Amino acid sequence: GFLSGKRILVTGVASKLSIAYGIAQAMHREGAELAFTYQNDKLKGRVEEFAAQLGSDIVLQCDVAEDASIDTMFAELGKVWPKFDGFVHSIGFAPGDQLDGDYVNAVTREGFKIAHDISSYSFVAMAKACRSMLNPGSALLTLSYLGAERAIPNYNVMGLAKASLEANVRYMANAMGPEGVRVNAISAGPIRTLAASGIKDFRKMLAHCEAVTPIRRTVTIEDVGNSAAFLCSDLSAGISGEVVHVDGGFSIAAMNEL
C-alpha cells in the first residue's frame, strides 16, 4: 500500500468505533508500520489488543499533560524506531463542566487552560520532542472540528482550543517545512458512536445533520481514515498547513432546512 515504508506513531486509540482507530486501521491497511500511545495504566490492555490486531508490538504509555512523559515516551520509542515518519494527534479534552450550556457562564480560566494545553499545545509539544527523529518526507496530522470556525452550542471553550490547534497547524507547517515535515489537520464531521447512540439530543441531531449534509450521510471513521492515510502519505506532498474538511460537505451548505 501507499504507506509502505512509513512508521507512524498514532495517539488516542481507545475504541474501535472511533476516528483514531479508523485511522490506524486504514494506515495498517496501506502497509504502514505502527506504534501507539495510551493514557493511564488501566488501558494498556485494550490498546495492546488493538495494536496487535494491526501488526504492532509497540505500545507506550504517555500523558501529554507532562513534558517529562513525552520525552520519556520518545526516548523509549527511540529504541525500536531510531527515526520515523510522523504521528497522528488525536488528543483533545475539556473539563466536563465546560461543555454544559451558555459558554460565557460555563467557561472558567481553569477550563480554558486545560482545554488549550491538552487540545492544542500537546500537538506542538510532541512535535518538539521528536523533531530530530523525523525523516524528510515526514507528515504530522491532527484532528479538529467545525467548532473552531463557527460558534456551535455547548462546544464552548473547545471551539477556542480547536482554533488554536488550527493555527498551530499553520505555524508548525511553516517552522517544520524547511526540513521536510508537512503538518495538516482534518476537520471531521460528526460520527455515530456508542456514545452518540446514547442521547436523544445527539441521535436526533446526527439524523438532522444527515438530511442537510450534501452527500446525505455522516462521514464514517473509514472516510476519515482514508483521508488521514492520504494526508500522511507522499501522495499529499503538495499539501501542508491545510485544514481539510471531511464532513461530506456539511460546512459549505447553509439554510438546507438546516
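One-based numbering along the sequence shown.
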Quiz item: In the PDB record, does 125-133 or 157-165 carry the higher mean Cα temperature factor?
Solution: 125-133
Quiz item: Higher mean Cα B-factor in the deposited model: 141-149 or 73-81?
Solution: 73-81
Quiz item: If you compare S227, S233, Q53, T213, which has the highest Cα B-factor in the entry?
Solution: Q53
Self-check item: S4, C-alpha B-factor rank within chain (lowest, middle or highest third)
Solution: middle
Practice problem: Classify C209 as lowest, middle or highest third according to the C-alpha B-factor given in the PDB entry, relative to its own chain. | Solution: highest
Practice problem: Taking the chain's C-alpha temperature factors as the reference, tell me which third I221 falls into: lowest, middle or highest. | Solution: lowest
Self-check item: Chain-wide C-alpha B factor ranking for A253, given as lowest, middle or highest third
Solution: middle
